[PDB]
$ cat model.pdb   # PDB, C-alpha atoms
ATOM      1  CA  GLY A   1       0.000   0.000   0.000  1.00  0.00           C
ATOM      2  CA  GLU A   2       3.078   2.216   0.209  1.00  0.00           C
ATOM      3  CA  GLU A   3       2.521   3.478  -3.356  1.00  0.00           C
ATOM      4  CA  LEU A   4      -0.401   5.488  -1.928  1.00  0.00           C
ATOM      5  CA  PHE A   5       1.784   7.269   0.660  1.00  0.00           C
ATOM      6  CA  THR A   6       4.790   8.620  -1.296  1.00  0.00           C
ATOM      7  CA  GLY A   7       3.284  12.112  -1.189  1.00  0.00           C
ATOM      8  CA  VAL A   8       0.980  14.435   0.754  1.00  0.00           C
ATOM      9  CA  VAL A   9      -2.314  12.624   1.414  1.00  0.00           C
ATOM     10  CA  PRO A  10      -5.409  14.517   2.645  1.00  0.00           C
ATOM     11  CA  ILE A  11      -7.113  13.255   5.820  1.00  0.00           C
ATOM     12  CA  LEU A  12     -10.718  13.286   7.032  1.00  0.00           C
ATOM     13  CA  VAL A  13     -11.506  12.367  10.656  1.00  0.00           C
ATOM     14  CA  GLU A  14     -15.021  11.859  12.030  1.00  0.00           C
ATOM     15  CA  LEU A  15     -15.858  10.802  15.587  1.00  0.00           C
ATOM     16  CA  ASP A  16     -19.251  10.272  17.199  1.00  0.00           C
ATOM     17  CA  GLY A  17     -18.910  10.261  20.967  1.00  0.00           C
ATOM     18  CA  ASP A  18     -20.924   9.494  24.082  1.00  0.00           C
ATOM     19  CA  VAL A  19     -19.357   9.779  27.543  1.00  0.00           C
ATOM     20  CA  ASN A  20     -21.585   9.288  30.618  1.00  0.00           C
ATOM     21  CA  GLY A  21     -24.563  10.060  28.367  1.00  0.00           C
ATOM     22  CA  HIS A  22     -23.460  13.380  26.826  1.00  0.00           C
ATOM     23  CA  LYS A  23     -23.342  13.287  23.017  1.00  0.00           C
ATOM     24  CA  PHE A  24     -20.618  15.225  21.185  1.00  0.00           C
ATOM     25  CA  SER A  25     -19.148  15.084  17.696  1.00  0.00           C
ATOM     26  CA  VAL A  26     -15.724  16.013  16.332  1.00  0.00           C
ATOM     27  CA  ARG A  27     -14.608  16.567  12.712  1.00  0.00           C
ATOM     28  CA  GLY A  28     -11.022  17.190  11.658  1.00  0.00           C
ATOM     29  CA  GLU A  29      -9.217  17.569   8.368  1.00  0.00           C
ATOM     30  CA  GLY A  30      -5.618  17.905   7.350  1.00  0.00           C
ATOM     31  CA  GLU A  31      -2.880  15.952   5.682  1.00  0.00           C
ATOM     32  CA  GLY A  32      -0.273  13.335   6.322  1.00  0.00           C
ATOM     33  CA  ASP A  33       3.171  12.810   4.812  1.00  0.00           C
ATOM     34  CA  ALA A  34       4.459   9.301   5.571  1.00  0.00           C
ATOM     35  CA  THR A  35       7.743  10.327   3.960  1.00  0.00           C
ATOM     36  CA  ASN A  36       8.518  12.580   6.956  1.00  0.00           C
ATOM     37  CA  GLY A  37       6.239  10.649   9.344  1.00  0.00           C
ATOM     38  CA  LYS A  38       4.500  14.020   9.663  1.00  0.00           C
ATOM     39  CA  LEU A  39       0.857  14.688  10.398  1.00  0.00           C
ATOM     40  CA  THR A  40      -1.001  18.032  10.480  1.00  0.00           C
ATOM     41  CA  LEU A  41      -4.680  18.253  11.377  1.00  0.00           C
ATOM     42  CA  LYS A  42      -7.146  20.577  13.059  1.00  0.00           C
ATOM     43  CA  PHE A  43     -10.230  19.293  14.855  1.00  0.00           C
ATOM     44  CA  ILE A  44     -13.410  21.135  15.865  1.00  0.00           C
ATOM     45  CA  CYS A  45     -16.229  19.976  18.169  1.00  0.00           C
ATOM     46  CA  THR A  46     -19.314  20.460  15.987  1.00  0.00           C
ATOM     47  CA  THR A  47     -21.700  19.959  18.929  1.00  0.00           C
ATOM     48  CA  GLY A  48     -20.538  22.800  21.166  1.00  0.00           C
ATOM     49  CA  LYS A  49     -17.973  22.456  23.935  1.00  0.00           C
ATOM     50  CA  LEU A  50     -15.948  19.272  24.252  1.00  0.00           C
ATOM     51  CA  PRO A  51     -17.131  17.331  27.340  1.00  0.00           C
ATOM     52  CA  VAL A  52     -13.680  15.736  27.744  1.00  0.00           C
ATOM     53  CA  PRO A  53     -10.170  17.231  27.462  1.00  0.00           C
ATOM     54  CA  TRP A  54      -8.746  17.363  23.953  1.00  0.00           C
ATOM     55  CA  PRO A  55      -5.529  15.498  24.917  1.00  0.00           C
ATOM     56  CA  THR A  56      -7.520  12.364  25.839  1.00  0.00           C
ATOM     57  CA  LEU A  57      -8.913  11.975  22.297  1.00  0.00           C
ATOM     58  CA  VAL A  58      -5.589  12.331  20.460  1.00  0.00           C
ATOM     59  CA  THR A  59      -4.766   8.614  20.314  1.00  0.00           C
ATOM     60  CA  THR A  60      -8.283   7.970  19.005  1.00  0.00           C
ATOM     61  CA  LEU A  61      -8.231  10.768  16.425  1.00  0.00           C
ATOM     62  CA  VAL A  62      -3.952   7.155  11.334  1.00  0.00           C
ATOM     63  CA  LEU A  63      -0.769   5.088  11.846  1.00  0.00           C
ATOM     64  CA  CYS A  64      -0.473   4.422   8.110  1.00  0.00           C
ATOM     65  CA  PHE A  65       1.303   7.801   8.074  1.00  0.00           C
ATOM     66  CA  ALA A  66       4.178   6.456  10.167  1.00  0.00           C
ATOM     67  CA  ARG A  67       7.629   6.709   8.667  1.00  0.00           C
ATOM     68  CA  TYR A  68       8.762   3.152   8.282  1.00  0.00           C
ATOM     69  CA  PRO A  69      12.492   3.291   7.492  1.00  0.00           C
ATOM     70  CA  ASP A  70      13.407   1.652   4.196  1.00  0.00           C
ATOM     71  CA  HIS A  71      15.033  -1.293   5.968  1.00  0.00           C
ATOM     72  CA  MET A  72      11.704  -1.982   7.740  1.00  0.00           C
ATOM     73  CA  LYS A  73       9.161  -1.568   4.906  1.00  0.00           C
ATOM     74  CA  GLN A  74       8.174  -5.247   5.294  1.00  0.00           C
ATOM     75  CA  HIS A  75       6.794  -4.660   8.804  1.00  0.00           C
ATOM     76  CA  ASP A  76       4.394  -1.867   7.836  1.00  0.00           C
ATOM     77  CA  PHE A  77       1.050  -3.577   8.352  1.00  0.00           C
ATOM     78  CA  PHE A  78      -0.819  -0.268   8.301  1.00  0.00           C
ATOM     79  CA  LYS A  79       0.004   0.682   4.706  1.00  0.00           C
ATOM     80  CA  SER A  80      -0.181  -2.891   3.419  1.00  0.00           C
ATOM     81  CA  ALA A  81      -3.874  -3.076   4.356  1.00  0.00           C
ATOM     82  CA  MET A  82      -4.565   0.040   2.285  1.00  0.00           C
ATOM     83  CA  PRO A  83      -6.586   1.072   0.336  1.00  0.00           C
ATOM     84  CA  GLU A  84      -9.208  -1.377   1.637  1.00  0.00           C
ATOM     85  CA  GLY A  85      -8.188  -0.400   5.159  1.00  0.00           C
ATOM     86  CA  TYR A  86      -8.357  -1.754   8.652  1.00  0.00           C
ATOM     87  CA  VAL A  87     -10.383  -1.572  11.808  1.00  0.00           C
ATOM     88  CA  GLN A  88      -8.662   0.065  14.749  1.00  0.00           C
ATOM     89  CA  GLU A  89     -10.241  -0.839  18.040  1.00  0.00           C
ATOM     90  CA  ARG A  90      -9.214   0.186  21.549  1.00  0.00           C
ATOM     91  CA  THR A  91      -9.994   0.123  25.231  1.00  0.00           C
ATOM     92  CA  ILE A  92      -8.619   3.172  27.083  1.00  0.00           C
ATOM     93  CA  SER A  93      -8.721   2.848  30.850  1.00  0.00           C
ATOM     94  CA  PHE A  94      -8.129   5.992  32.892  1.00  0.00           C
ATOM     95  CA  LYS A  95      -6.658   4.967  36.227  1.00  0.00           C
ATOM     96  CA  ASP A  96      -9.165   5.503  39.070  1.00  0.00           C
ATOM     97  CA  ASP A  97     -11.709   6.860  36.574  1.00  0.00           C
ATOM     98  CA  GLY A  98     -13.756   5.881  33.519  1.00  0.00           C
ATOM     99  CA  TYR A  99     -12.858   4.070  30.330  1.00  0.00           C
ATOM    100  CA  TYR A 100     -13.281   4.579  26.582  1.00  0.00           C
ATOM    101  CA  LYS A 101     -14.169   1.880  24.080  1.00  0.00           C
ATOM    102  CA  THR A 102     -13.428   2.970  20.499  1.00  0.00           C
ATOM    103  CA  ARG A 103     -13.932   1.430  17.064  1.00  0.00           C
ATOM    104  CA  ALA A 104     -12.612   3.056  13.932  1.00  0.00           C
ATOM    105  CA  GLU A 105     -12.360   2.144  10.268  1.00  0.00           C
ATOM    106  CA  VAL A 106      -9.357   3.691   8.520  1.00  0.00           C
ATOM    107  CA  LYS A 107      -9.511   3.462   4.729  1.00  0.00           C
ATOM    108  CA  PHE A 108      -9.099   5.284   1.426  1.00  0.00           C
ATOM    109  CA  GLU A 109     -12.311   6.924   0.264  1.00  0.00           C
ATOM    110  CA  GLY A 110     -11.370   7.977  -3.211  1.00  0.00           C
ATOM    111  CA  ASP A 111      -8.074   9.807  -2.694  1.00  0.00           C
ATOM    112  CA  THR A 112      -8.539  10.782   0.985  1.00  0.00           C
ATOM    113  CA  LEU A 113      -7.505   8.797   4.032  1.00  0.00           C
ATOM    114  CA  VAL A 114     -10.654   8.658   6.164  1.00  0.00           C
ATOM    115  CA  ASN A 115     -10.696   7.700   9.865  1.00  0.00           C
ATOM    116  CA  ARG A 116     -14.275   7.236  11.149  1.00  0.00           C
ATOM    117  CA  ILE A 117     -14.622   6.595  14.864  1.00  0.00           C
ATOM    118  CA  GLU A 118     -17.269   5.522  17.338  1.00  0.00           C
ATOM    119  CA  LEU A 119     -16.272   6.289  20.940  1.00  0.00           C
ATOM    120  CA  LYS A 120     -18.198   5.289  24.069  1.00  0.00           C
ATOM    121  CA  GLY A 121     -17.231   6.512  27.530  1.00  0.00           C
ATOM    122  CA  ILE A 122     -18.523   4.908  30.691  1.00  0.00           C
ATOM    123  CA  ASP A 123     -18.176   5.202  34.471  1.00  0.00           C
ATOM    124  CA  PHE A 124     -16.420   8.576  34.686  1.00  0.00           C
ATOM    125  CA  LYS A 125     -16.245  10.599  37.898  1.00  0.00           C
ATOM    126  CA  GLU A 126     -18.078  13.904  37.494  1.00  0.00           C
ATOM    127  CA  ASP A 127     -15.204  15.507  39.430  1.00  0.00           C
ATOM    128  CA  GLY A 128     -12.249  13.468  38.162  1.00  0.00           C
ATOM    129  CA  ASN A 129      -9.513  14.708  35.876  1.00  0.00           C
ATOM    130  CA  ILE A 130     -11.497  13.949  32.687  1.00  0.00           C
ATOM    131  CA  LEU A 131     -14.946  15.447  33.212  1.00  0.00           C
ATOM    132  CA  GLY A 132     -13.341  17.988  35.581  1.00  0.00           C
ATOM    133  CA  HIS A 133     -10.971  19.306  32.860  1.00  0.00           C
ATOM    134  CA  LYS A 134      -7.890  19.170  35.094  1.00  0.00           C
ATOM    135  CA  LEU A 135      -5.364  18.139  32.373  1.00  0.00           C
ATOM    136  CA  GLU A 136      -2.708  20.294  30.750  1.00  0.00           C
ATOM    137  CA  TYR A 137      -3.141  21.116  27.046  1.00  0.00           C
ATOM    138  CA  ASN A 138      -0.267  19.006  25.742  1.00  0.00           C
ATOM    139  CA  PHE A 139       0.505  15.358  25.082  1.00  0.00           C
ATOM    140  CA  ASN A 140       3.450  13.318  26.315  1.00  0.00           C
ATOM    141  CA  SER A 141       5.496  11.363  23.819  1.00  0.00           C
ATOM    142  CA  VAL A 142       5.350   7.578  23.952  1.00  0.00           C
ATOM    143  CA  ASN A 143       7.000   4.506  22.407  1.00  0.00           C
ATOM    144  CA  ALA A 144       4.427   1.792  21.750  1.00  0.00           C
ATOM    145  CA  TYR A 145       5.342  -1.798  20.901  1.00  0.00           C
ATOM    146  CA  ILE A 146       3.663  -3.563  17.965  1.00  0.00           C
ATOM    147  CA  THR A 147       3.325  -7.352  17.746  1.00  0.00           C
ATOM    148  CA  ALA A 148       1.556  -9.552  15.215  1.00  0.00           C
ATOM    149  CA  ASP A 149      -1.755 -11.213  16.113  1.00  0.00           C
ATOM    150  CA  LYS A 150      -1.580 -14.275  13.862  1.00  0.00           C
ATOM    151  CA  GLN A 151      -4.992 -15.625  14.915  1.00  0.00           C
ATOM    152  CA  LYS A 152      -6.639 -12.454  13.531  1.00  0.00           C
ATOM    153  CA  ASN A 153      -4.224 -11.668  10.679  1.00  0.00           C
ATOM    154  CA  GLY A 154      -3.507  -8.229  12.156  1.00  0.00           C
ATOM    155  CA  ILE A 155      -1.539  -6.618  14.976  1.00  0.00           C
ATOM    156  CA  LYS A 156      -1.941  -5.642  18.610  1.00  0.00           C
ATOM    157  CA  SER A 157      -0.399  -3.173  21.028  1.00  0.00           C
ATOM    158  CA  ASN A 158      -0.730  -2.076  24.607  1.00  0.00           C
ATOM    159  CA  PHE A 159       0.906   0.977  26.133  1.00  0.00           C
ATOM    160  CA  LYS A 160       0.545   3.708  28.739  1.00  0.00           C
ATOM    161  CA  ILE A 161      -0.354   7.323  28.084  1.00  0.00           C
ATOM    162  CA  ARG A 162       0.431   9.778  30.905  1.00  0.00           C
ATOM    163  CA  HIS A 163      -1.576  12.985  30.848  1.00  0.00           C
ATOM    164  CA  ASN A 164      -0.182  15.842  32.922  1.00  0.00           C
ATOM    165  CA  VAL A 165      -2.611  17.080  35.563  1.00  0.00           C
ATOM    166  CA  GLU A 166      -2.617  20.810  36.281  1.00  0.00           C
ATOM    167  CA  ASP A 167      -1.803  20.163  39.956  1.00  0.00           C
ATOM    168  CA  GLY A 168       1.438  18.399  38.977  1.00  0.00           C
ATOM    169  CA  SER A 169       0.179  14.823  39.273  1.00  0.00           C
ATOM    170  CA  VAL A 170      -0.167  12.474  36.296  1.00  0.00           C
ATOM    171  CA  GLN A 171      -3.358  10.865  34.955  1.00  0.00           C
ATOM    172  CA  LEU A 172      -2.551   7.485  33.464  1.00  0.00           C
ATOM    173  CA  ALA A 173      -4.609   6.007  30.592  1.00  0.00           C
ATOM    174  CA  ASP A 174      -3.871   2.367  29.736  1.00  0.00           C
ATOM    175  CA  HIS A 175      -4.341   1.699  26.007  1.00  0.00           C
ATOM    176  CA  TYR A 176      -5.224  -1.763  24.626  1.00  0.00           C
ATOM    177  CA  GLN A 177      -5.341  -1.854  20.868  1.00  0.00           C
ATOM    178  CA  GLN A 178      -6.124  -4.312  18.029  1.00  0.00           C
ATOM    179  CA  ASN A 179      -5.922  -3.744  14.270  1.00  0.00           C
ATOM    180  CA  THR A 180      -7.397  -6.174  11.688  1.00  0.00           C
ATOM    181  CA  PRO A 181      -7.615  -5.612   7.913  1.00  0.00           C
ATOM    182  CA  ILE A 182     -10.929  -4.762   6.315  1.00  0.00           C
ATOM    183  CA  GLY A 183     -10.143  -6.420   2.960  1.00  0.00           C
ATOM    184  CA  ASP A 184      -8.884  -9.867   1.983  1.00  0.00           C
ATOM    185  CA  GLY A 185      -5.568  -9.148   0.266  1.00  0.00           C
ATOM    186  CA  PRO A 186      -2.321 -10.393   1.747  1.00  0.00           C
ATOM    187  CA  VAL A 187      -0.827  -8.049   4.331  1.00  0.00           C
ATOM    188  CA  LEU A 188       2.467  -7.847   6.206  1.00  0.00           C
ATOM    189  CA  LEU A 189       2.490  -9.349   9.671  1.00  0.00           C
ATOM    190  CA  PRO A 190       5.472  -7.612  11.292  1.00  0.00           C
ATOM    191  CA  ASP A 191       8.305  -8.685  13.489  1.00  0.00           C
ATOM    192  CA  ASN A 192       8.129  -6.982  16.888  1.00  0.00           C
ATOM    193  CA  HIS A 193       8.997  -3.257  16.846  1.00  0.00           C
ATOM    194  CA  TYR A 194       7.667   0.074  18.085  1.00  0.00           C
ATOM    195  CA  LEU A 195       6.360   3.427  16.896  1.00  0.00           C
ATOM    196  CA  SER A 196       7.580   6.672  18.456  1.00  0.00           C
ATOM    197  CA  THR A 197       4.946   9.407  18.627  1.00  0.00           C
ATOM    198  CA  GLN A 198       5.448  13.090  19.484  1.00  0.00           C
ATOM    199  CA  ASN A 199       2.652  15.642  19.455  1.00  0.00           C
ATOM    200  CA  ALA A 200       2.391  19.435  19.651  1.00  0.00           C
ATOM    201  CA  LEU A 201      -1.050  20.777  20.567  1.00  0.00           C
ATOM    202  CA  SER A 202      -1.915  24.374  19.640  1.00  0.00           C
ATOM    203  CA  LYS A 203      -4.878  26.685  19.154  1.00  0.00           C
ATOM    204  CA  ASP A 204      -6.182  28.665  16.202  1.00  0.00           C
ATOM    205  CA  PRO A 205      -6.400  32.375  17.119  1.00  0.00           C
ATOM    206  CA  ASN A 206      -9.055  32.853  14.417  1.00  0.00           C
ATOM    207  CA  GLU A 207     -11.397  30.090  15.652  1.00  0.00           C
ATOM    208  CA  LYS A 208     -13.987  30.587  18.384  1.00  0.00           C
ATOM    209  CA  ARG A 209     -15.369  27.019  18.347  1.00  0.00           C
ATOM    210  CA  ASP A 210     -13.894  24.323  20.585  1.00  0.00           C
ATOM    211  CA  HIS A 211     -10.977  22.999  18.593  1.00  0.00           C
ATOM    212  CA  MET A 212      -7.504  21.507  18.612  1.00  0.00           C
ATOM    213  CA  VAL A 213      -4.611  22.015  16.229  1.00  0.00           C
ATOM    214  CA  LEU A 214      -2.376  18.957  16.218  1.00  0.00           C
ATOM    215  CA  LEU A 215       1.116  18.323  14.861  1.00  0.00           C
ATOM    216  CA  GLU A 216       2.196  14.687  15.104  1.00  0.00           C
ATOM    217  CA  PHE A 217       5.396  12.885  14.200  1.00  0.00           C
ATOM    218  CA  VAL A 218       5.354   9.089  13.977  1.00  0.00           C
ATOM    219  CA  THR A 219       8.392   6.946  13.263  1.00  0.00           C
ATOM    220  CA  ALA A 220       8.988   3.216  13.308  1.00  0.00           C
ATOM    221  CA  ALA A 221      12.055   1.635  14.860  1.00  0.00           C
ATOM    222  CA  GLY A 222      13.239  -1.437  16.710  1.00  0.00           C
ATOM    223  CA  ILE A 223      14.333  -3.868  13.973  1.00  0.00           C
ATOM    224  CA  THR A 224      17.739  -4.845  12.559  1.00  0.00           C
TER     225      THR A 224
END
$ encode --input "model.pdb" --output "structure tokens"
Amino acid sequence: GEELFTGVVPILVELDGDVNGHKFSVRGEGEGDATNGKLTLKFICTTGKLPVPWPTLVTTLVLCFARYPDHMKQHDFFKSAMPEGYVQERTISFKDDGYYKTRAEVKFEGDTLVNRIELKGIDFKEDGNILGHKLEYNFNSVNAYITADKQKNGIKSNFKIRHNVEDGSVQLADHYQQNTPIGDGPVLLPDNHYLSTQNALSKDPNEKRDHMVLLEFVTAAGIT
């Protein structure tokens, strides 16, 4: 699928969300550049104010844009499943608070990479760090290990996200993740390795709707 990622690819992101009953929606657009492992996207909450902090939706809101070094192109399951795509599915468990369950299909719709997400949030404390909006507007870099899931012909990953709390503590969110291809072509089941993600969160001075401007770098590493 790498032939589809040699240049700048436009991105659409749509998420329908429900946490402790409140319904919100988010739409973003932007572009990826798997050559630099670079991602640029801006998201707006088209239902009003975001009921959760923006940094907790970042992982949910396109790993086919990772830069797989040329000596690791055979371990790039994400691009190999394209253009038919894959399902990305996660549990996100906020320590001492609620959890997210997310299901997304990531696929080429015409020439655009589309990521469409259903997110459900359950059992959150009305005064915890999530519904309380007590998290700093940033996102800590992480290295997440990828391993094949032969029984499902895809991959899995689990890792820890640490959100900074404003009071100087840390709000941990355990991520459990499974990817399986949508189509039936052969794909590349990878040797173990990891992806390194770094994210800069900003604001748009000329936007008065709830929004997030995101700059993401993703790189693969950990082979021979």
$ closest_atom_pairs --input "model.pdb" --of "range 26-105 of chain A" --to "range 200-223 of chain A" --cutoff "10 Å" --atoms "only C-alpha atoms" --output "JSON lines"
{"residue": "A:26", "atom": "CA", "partner": "A:211", "partner_atom": "CA", "distance": 8.7}
{"residue": "A:27", "atom": "CA", "partner": "A:211", "partner_atom": "CA", "distance": 9.4}
{"residue": "A:28", "atom": "CA", "partner": "A:212", "partner_atom": "CA", "distance": 8.9}
{"residue": "A:30", "atom": "CA", "partner": "A:214", "partner_atom": "CA", "distance": 9.5}
{"residue": "A:32", "atom": "CA", "partner": "A:216", "partner_atom": "CA", "distance": 9.2}
{"residue": "A:33", "atom": "CA", "partner": "A:217", "partner_atom": "CA", "distance": 9.6}
{"residue": "A:34", "atom": "CA", "partner": "A:218", "partner_atom": "CA", "distance": 8.5}
{"residue": "A:35", "atom": "CA", "partner": "A:219", "partner_atom": "CA", "distance": 9.9}
{"residue": "A:36", "atom": "CA", "partner": "A:217", "partner_atom": "CA", "distance": 7.9}
{"residue": "A:37", "atom": "CA", "partner": "A:218", "partner_atom": "CA", "distance": 5.0}
{"residue": "A:38", "atom": "CA", "partner": "A:217", "partner_atom": "CA", "distance": 4.8}
{"residue": "A:39", "atom": "CA", "partner": "A:216", "partner_atom": "CA", "distance": 4.9}
{"residue": "A:40", "atom": "CA", "partner": "A:215", "partner_atom": "CA", "distance": 4.9}
{"residue": "A:41", "atom": "CA", "partner": "A:214", "partner_atom": "CA", "distance": 5.4}
{"residue": "A:42", "atom": "CA", "partner": "A:213", "partner_atom": "CA", "distance": 4.3}
{"residue": "A:43", "atom": "CA", "partner": "A:212", "partner_atom": "CA", "distance": 5.1}
{"residue": "A:44", "atom": "CA", "partner": "A:211", "partner_atom": "CA", "distance": 4.1}
{"residue": "A:45", "atom": "CA", "partner": "A:210", "partner_atom": "CA", "distance": 5.5}
{"residue": "A:46", "atom": "CA", "partner": "A:209", "partner_atom": "CA", "distance": 8.0}
{"residue": "A:47", "atom": "CA", "partner": "A:210", "partner_atom": "CA", "distance": 9.1}
{"residue": "A:48", "atom": "CA", "partner": "A:210", "partner_atom": "CA", "distance": 6.8}
{"residue": "A:49", "atom": "CA", "partner": "A:210", "partner_atom": "CA", "distance": 5.6}
{"residue": "A:50", "atom": "CA", "partner": "A:210", "partner_atom": "CA", "distance": 6.6}
{"residue": "A:54", "atom": "CA", "partner": "A:212", "partner_atom": "CA", "distance": 6.9}
{"residue": "A:55", "atom": "CA", "partner": "A:201", "partner_atom": "CA", "distance": 8.2}
{"residue": "A:58", "atom": "CA", "partner": "A:214", "partner_atom": "CA", "distance": 8.5}
{"residue": "A:62", "atom": "CA", "partner": "A:218", "partner_atom": "CA", "distance": 9.9}
{"residue": "A:63", "atom": "CA", "partner": "A:218", "partner_atom": "CA", "distance": 7.6}
{"residue": "A:64", "atom": "CA", "partner": "A:218", "partner_atom": "CA", "distance": 9.5}
{"residue": "A:65", "atom": "CA", "partner": "A:218", "partner_atom": "CA", "distance": 7.3}
{"residue": "A:66", "atom": "CA", "partner": "A:218", "partner_atom": "CA", "distance": 4.8}
{"residue": "A:67", "atom": "CA", "partner": "A:219", "partner_atom": "CA", "distance": 4.7}
{"residue": "A:68", "atom": "CA", "partner": "A:220", "partner_atom": "CA", "distance": 5.0}
{"residue": "A:69", "atom": "CA", "partner": "A:220", "partner_atom": "CA", "distance": 6.8}
{"residue": "A:71", "atom": "CA", "partner": "A:223", "partner_atom": "CA", "distance": 8.4}
{"residue": "A:72", "atom": "CA", "partner": "A:223", "partner_atom": "CA", "distance": 7.0}
{"residue": "A:73", "atom": "CA", "partner": "A:220", "partner_atom": "CA", "distance": 9.7}
{"residue": "A:75", "atom": "CA", "partner": "A:223", "partner_atom": "CA", "distance": 9.2}
{"residue": "A:76", "atom": "CA", "partner": "A:220", "partner_atom": "CA", "distance": 8.8}
$ closest_residue --input "model.pdb" --among "A:157, A:52, A:138, A:74" --to "residue 198 in chain A" --atoms "only C-alpha atoms"
A:138
$ closest_residue --input "model.pdb" --among "A:145, A:108, A:5, A:176" --to "residue 85 in chain A" --atoms "all atoms listed in the file"
A:108
$ closest_residue --input "model.pdb" --among "A:129, A:153, A:179, A:102" --to "residue 18 in chain A" --atoms "only C-alpha atoms"
A:102
$ residues_near_point --input "model.pdb" --point "(-13.0, 2.3, 36.1)" --cutoff "12 Å" --atoms "all atoms listed in the file" --output "PyMOL selection string"
chain A and resi 91-100+121-125+128+172-174
$ closest_residue --input "model.pdb" --among "A:177, A:84, A:120, A:106" --to "residue 17 in chain A" --atoms "only C-alpha atoms"
A:120
$ closest_residue --input "model.pdb" --among "A:141, A:83, A:181, A:2" --to "residue 110 in chain A" --atoms "only C-alpha atoms"
A:83
$ atom_distance --input "model.pdb" --atom1 "CA of residue 24 in chain A" --atom2 "CA of residue 166 in chain A"
24.1 Å
$ closest_residue --input "model.pdb" --among "A:140, A:115, A:20, A:196" --to "residue 88 in chain A" --atoms "all atoms listed in the file"
A:115
$ resolve_selection --input "model.pdb" --expression "the PyMOL selection byres ((chain A and resi 89) around 10)" --output "ChimeraX atom specification"
/A:60,86-88,90-91,101-105,117-119,156,176-180
$ resolve_selection --input "model.pdb" --expression "the PyMOL selection byres ((chain A and resi 113) around 7)" --output "NGL selection string"
:A and (9-12 or 107-109 or 111-112 or 114-115)
$ residues_around --input "model.pdb" --residues "residue 146 in chain A" --least-positions-apart "4" --cutoff "9 Å" --atoms "only C-alpha atoms" --output "list in words"
residues 155, 156, 157, 158, 190, 191, 192, 193, 194 and 195 of chain A
$ atom_distance --input "model.pdb" --atom1 "CA of residue 134 in chain A" --atom2 "CA of residue 51 in chain A"
12.2 Å
$ axis_aligned_box --input "model.pdb" --around "range 199-218 of chain A" --padding-each-side "3 Å" --output "lines of an AutoDock Vina configuration file"
center_x = -5.0
center_y = 21.0
center_z = 17.3
size_x = 26.8
size_y = 29.8
size_z = 12.6
$ atom_distance --input "model.pdb" --atom1 "CA of residue 6 in chain A" --atom2 "CA of residue 70 in chain A"
12.4 Å
$ resolve_selection --input "model.pdb" --expression "the PyMOL selection byres ((chain A and resi 167) around 10)" --output "compact mmCIF listing (two decimals) with C-alpha atoms, keeping the file's coordinate frame"
# COMPACT_ATOMS: atom_id res chain seq x y z
CA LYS A 134 -7.89 19.17 35.09
CA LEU A 135 -5.36 18.14 32.37
CA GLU A 136 -2.71 20.29 30.75
CA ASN A 164 -0.18 15.84 32.92
CA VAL A 165 -2.61 17.08 35.56
CA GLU A 166 -2.62 20.81 36.28
CA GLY A 168 1.44 18.40 38.98
CA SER A 169 0.18 14.82 39.27
CA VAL A 170 -0.17 12.47 36.30
